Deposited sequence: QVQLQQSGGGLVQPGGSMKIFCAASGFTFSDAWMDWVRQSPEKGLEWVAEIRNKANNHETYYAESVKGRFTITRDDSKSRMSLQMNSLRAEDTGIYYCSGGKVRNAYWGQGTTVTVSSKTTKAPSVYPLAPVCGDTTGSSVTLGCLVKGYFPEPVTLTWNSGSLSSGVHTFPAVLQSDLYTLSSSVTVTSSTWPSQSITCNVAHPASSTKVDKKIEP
């Protein structure tokens, strides 16, 4: 089972440096052509950098816009590769995917977020949304940077859930989610919103009280 897991992303100030990583398993890493590919609302998907086979002596190539600022590296014995980024710019912001295989771009990881900032990291405020069959809500307001994870009853409650993508305004994100149940479910059975914001190290549970 082929697995690719990126990590190490996050918030950095313009001109800053950051290193992200990709850990692999399930295939012969040394035989694999590896790439870094990023994605943003603007520009969309752009190839960032590549590092080739052991057979091709780990030759490396870069997108012209990151040439000289980024360094791609791998360790076959550890099924690992990394990307060192220097002098980051606002437009370096996006989702960075690890990708590779005997066949180029065969597998892709979940990606890791790289956000170059100026804006200050901020803990969210989690507010329970009780109603005026029945729909409940959770409002996650004024946090930065992305992401947060929102779950209902620890993920127990997935059916009838609608989690809306964070929207950014004035350096601050707000996120919301609704869950729809039957009248006989709530308030009899407790329903609670779980919110995690790693960047500020906040874990909060808000129970929806009638």
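Q: Which deposited-sequence positions, grouped into ranges, are missing C-alpha coordinates?
A: Gaps in the modelled chain, taken against the deposited sequence, amount to a single one at 133-139.
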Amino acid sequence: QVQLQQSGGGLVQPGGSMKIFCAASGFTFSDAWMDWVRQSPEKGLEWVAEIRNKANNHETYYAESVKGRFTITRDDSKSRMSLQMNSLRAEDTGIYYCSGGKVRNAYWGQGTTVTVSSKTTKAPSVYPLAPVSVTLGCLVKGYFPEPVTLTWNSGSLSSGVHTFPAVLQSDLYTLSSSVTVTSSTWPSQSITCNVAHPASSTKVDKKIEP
From here on, numbers count along this sequence of modelled residues.
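Q: So, looking at the entry's B-factor column for Cα atoms, which has the higher mean, 51-59 or 174-182?
A: Comparing 51-59 with 174-182, the higher mean C-alpha B-factor belongs to 174-182.
Q: Read off the CA B-factors in the entry, average them over 189-197 and over 17-25, and name the higher stretch.
A: That would be 189-197.
Q: For the listed residues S87, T71, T135, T112, which one has the largest C-alpha B-factor as given in the deposited model?
A: It is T135.
Q: What's the residue among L157, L45, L150, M34 with the greatest CA temperature factor in the PDB record?
A: That would be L157, according to the entry.
Q: Considering only modelled residues of the same chain, in which third does the CA B-factor of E91 rank: lowest, middle or highest?
A: Ranked within chain, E91 CA B lands in the highest tercile.
Q: Is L83 in the lowest, middle or highest third of its chain when residues are ranked by C-alpha B-factor?
A: CA B-factor rank for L83: lowest third.
Q: Hey, what third does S40 fall into on Cα B-factor, ranked over its chain?
A: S40: CA B-factor falls in the highest third of its chain.
Q: Among the modelled residues of this chain, does the Cα B factor of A106 put it in the lowest, middle or highest third?
A: CA B-factor rank for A106: highest third.
Q: Consider only the C-alpha atoms of the modelled residues in this chain, order them by B-factor as the entry records it, and name the third containing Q6: lowest, middle or highest.
A: For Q6, whose C-alpha B-factor we compare with every modelled residue in the chain, the answer is the lowest third.
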